[PDB]
Amino acid sequence: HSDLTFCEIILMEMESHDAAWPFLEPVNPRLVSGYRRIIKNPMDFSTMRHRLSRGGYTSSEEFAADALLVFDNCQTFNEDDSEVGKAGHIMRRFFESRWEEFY
Ligand SMILES: CCc1c(-c2csc(CCCN)n2)[nH]c(C)c1C(C)=O
């Protein structure tokens, strides 16, 4: 629980980031046609927050994998020059920068 505090900090910094707006909650299939058809494993920051809050991450590596899944999904579905596409690249580098401050 307490040993993952730094992942909690990274998640908060991600949630508070200017480019985080597409990723705060799960993508709504009634708003994005066929999204979950194309993306088998959706992921978002609120889902990660709830998993951290219940102690559902057995390692920091599992948390990092969910973070990358947010950005891999975004790059799979969104054009690179779209608003969400741009935000995903910005956020991926932000996450990578924070991760390499510990690893
Ligand atoms: C463009 C739709 C989209 C949003 C989006 C657009 S507007 C918004 C804010 C909702 C309220 N916080 N999210 N996000 C993601 C990851 C999307 C896709 C297709 O991948």
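Residues numbered from 1 in each chain as written, not as in the entry; some residues may be left out. Heavy atoms only, no water.

- Per the PDB entry, the protein chain goes by the name Bromodomain adjacent to zinc finger domain protein 2A and belongs to Homo sapiens.

Details of the overall build of the protein chain
Item 1. Broken down by element type, the protein chain carries five helices and zero strands.
Item 2. Taken against the 2.2 N^0.38 rule, which gives 13 Å for 103 residues, the C-alpha radius of gyration of the protein chain at 13 Å falls within 12% of a compact globule.
Item 3. Counting only C-alpha atoms, the protein chain reaches 40 × 25 × 20 Å along its principal axes.
Item 4. Here the protein chain holds 103 residues, and 35% of them are scored as buried.
Item 5. By sequence separation, contacts in the protein chain at least 24 residues apart represent 66% of the contacts at least 6 residues apart.
Item 6. Just so you have it, the protein chain exposes about 6400 Å², and 49% of that area is on carbon and sulfur atoms. (Helix = DSSP H or I, 4+ residues; strand = E, 2+ residues; numbered from the N terminus. Rg over C-alpha atoms; globule rule 2.2 N^0.38 Å. Buried < 20%, exposed > 50% of the residue type's maximum accessible area, 1.4 Å probe, protein only. Contact = heavy atoms within 4.5 Å. Areas by Shrake-Rupley, 256 points an atom, 1.4 Å probe, with all protein chains shown as cover.)

Digging into the site of the ligand
Item 1. Within the structure, the ligand sits among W21, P22, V27, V32, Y35, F77, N78 and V84.
Item 2. The contact in question runs from a nitrogen atom of the ligand to an N or O atom on the backbone of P22, over 2.9 Å.
Item 3. Taking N78, its side chain carries an N or O atom lying 2.9 Å from an oxygen atom of the ligand.
Item 4. At a threshold of 2 Å from the grid points, most atoms of the ligand map onto the largest pocket.
Item 5. When the residues that make up the shell around the ligand are grouped by side-chain class, the tally is seven nonpolar, one polar and no charged. (Near = heavy atom within 4 Å. Polar contact = N/O pair within 3.5 Å; in protein donor to acceptor, adjacent residues only side chain to side chain. 1 Å grid on protein atoms, 1.4 Å probe; cavity = no way out; pocket = protein on both sides within 12 Å on 5 of 7 lines; lining within 4 Å. Sits in = over half its atoms within 2 Å of the grid points. Nonpolar A, V, L, I, M, F, W, Y, C, P; charged D, E, K, R; others polar.)

A look at the packing of aromatic side chains
Item 1. Considering all chains together, one arrives at eleven aromatic pairs under this definition.
Item 2. Taking 6.3 Å as the distance between ring centres and 50 degrees as the angle between the ring planes, the aromatic pair formed by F71 and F95 counts as tilted. Taken together, the residues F71 in helix α4 (residues 60–77) and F95 in helix α5 (residues 83–99) connect sequence positions 24 residues apart. Accessibility classification places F71 together with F95 in one group, the buried group.
Item 3. Ring pairs connect the aromatic residues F6, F23, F45, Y57, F63, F71, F95, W99, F102 and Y103, which therefore count as one cluster. (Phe/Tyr/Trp six-rings, centres within 6.5 Å; stacked < 30°, edge-to-face > 60°.)

With respect to the side chain of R92
Item 1. Among the secondary structure elements, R92 is positioned in helix α5.
Item 2. A polar side-chain atom of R92 sits 3.3 Å from the main-chain carbonyl oxygen of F71.
Item 3. Residues contacting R92, with those up to four places away along its chain left out, are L68, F71, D72 and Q75.

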